[PDB]
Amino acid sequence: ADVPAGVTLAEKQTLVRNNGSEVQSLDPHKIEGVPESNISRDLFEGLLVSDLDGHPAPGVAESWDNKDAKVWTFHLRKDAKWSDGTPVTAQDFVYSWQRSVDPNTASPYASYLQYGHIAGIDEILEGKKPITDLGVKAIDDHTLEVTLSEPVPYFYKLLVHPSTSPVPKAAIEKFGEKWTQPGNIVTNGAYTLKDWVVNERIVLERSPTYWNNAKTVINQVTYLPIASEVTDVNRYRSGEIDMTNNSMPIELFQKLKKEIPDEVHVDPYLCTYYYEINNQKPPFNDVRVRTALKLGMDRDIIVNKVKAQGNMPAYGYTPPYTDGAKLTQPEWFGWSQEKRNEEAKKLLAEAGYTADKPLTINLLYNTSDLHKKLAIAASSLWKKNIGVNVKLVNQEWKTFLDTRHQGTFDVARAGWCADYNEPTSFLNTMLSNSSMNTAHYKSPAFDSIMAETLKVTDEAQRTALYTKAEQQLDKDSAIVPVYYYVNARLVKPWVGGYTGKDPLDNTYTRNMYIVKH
């Protein structure tokens, strides 16, 4: 943290944040969600971190080199240390990345380093080649060399993601899944784990072995797992919570904005709210049925509910403000809803679903006051607009994510947030082979467009291809875009170091401080 001149720090440097739900895991290879990443960024530190503006900055690596954006060499800082005093080495990263891509690990982010095209990865992910063939090596204890199968100019931007953080071999092998328990866990971020009470709290405490501990200010941070936005705000107003989750109660926003205007932060956020269709679940294996569902949704009515927060109605997957995106709106997005509804019902009839023989589907969502209200509106809209009957099903975060990977759902509320600020962070999740493809969308044509993005010579051509990717995704009605996110949360006046200027919102507790109050 960089505390300004004049600021008087409080004696008690402690922070309470709502994390929104109970984490899947504290193992960096077993996570895929925002809540999981939030805690992971305090506990483990990779080669690079995000600075306050979201730009990649030195983490364990203090400097780095690249040849032709294909061989990357990272010089690791000599004082990088684990919480048990031992050094963080190149060898740690080799072990960790290998573990990330091992089929036996079953990481939901197994495909993340394949987004960077590390040599050997394709056949390792399929179980045809051993993990030790991965193109990552420890040249010496403090020099990590990564070899890619082709130039990837943005490869370095991936390396801030927690799935690329190092993990402690000895704790994992001694304790298996219990390695992340308070007595067993070994960490290399600014904090370590103090306490973990399921469905109550996770308490982290400052770790003096952290190389940059001298700059850390907060001594203890508590993360809470409260899924109810309304409860989050209530416990904020009564003094328990210092920072809410970035999920507002629709109905309370304007009142908050009127009563405590200086505590309401609203910033750009590179995430898209959508209804993910299970493309492998009949009848949604029919492009006509998916298209009907996409067109029949009234984005204007949904967005109008959160209007005060400034959300924009969505026409695709990749947020239009993503670095490197110059997206086009498809023709259907310029129609009236009436016209959209008429098209949708004709499509349904072509597929054989009529007024007299209507479709009933299940809409899955994760427990949340916001998603519930929006799901009730979505069901009502679909019934009235295109004659589809929609039943709601709610599941807790961890299980919700499980269900979507297992494919035991029809349609699901979903939100995806960039992991690095470049359109492949989104588009690579719809690759046929991706560990993150919960839509179960498989288009050889799409995959082929994405393979072309790394064969072109300049960034303008790459940008034009990302637009071709989105157009293909839309032509296949893989998902039902709803709205582009904003990052809206409550932050107490004495909390310092929250700038909100990173559009991916990768904040670190080590950057905050408590002003005397």
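Residues carry their position along the shown sequence, with the first being 1.
> Which is higher on average in the deposited entry, the C-alpha temperature factors of 232 to 240 or of 210 to 218?
Comparing 232 to 240 with 210 to 218, the higher average CA B-factor belongs to 232 to 240.
> On mean C-alpha B-factor from the PDB entry, just flag whether 352 to 360 or 156 to 164 is the higher one.
Mean CA B-factor is higher for 352 to 360.
> In terms of CA temperature factor as recorded, identify the highest of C417, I118, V303, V94.
Of the options given, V303 has the highest CA B-factor in the PDB entry.
> For the C-alpha B-factor as written in the entry, point me to the maximum among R404, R77, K383, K81.
Highest C-alpha B-factor among the listed residues goes to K383.
> With respect to C-alpha B-factor, does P108 fall in the lowest, middle or highest third of the chain as deposited?
Lowest third - that is where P108 ends up once the chain's C-alpha B-factors are sorted.
> What third of its chain, lowest, middle or highest, does the C-alpha temperature factor of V136 fall into?
Middle third of the chain for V136's C-alpha B-factor.
> Split into thirds by Cα B-factor across the chain's modelled residues, where does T499 land: lowest, middle or highest?
According to the entry, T499 has a C-alpha B-factor in the chain's highest third.
> By its CA B factor, does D410 count among the lowest, middle or highest third of the modelled residues in the chain?
Its C-alpha B-factor, which the entry lists for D410, ranks in the middle third among residues of this chain.
> Among the modelled residues of this chain, does the Cα B factor of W335 put it in the lowest, middle or highest third?
Highest third of the chain for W335's C-alpha B-factor.
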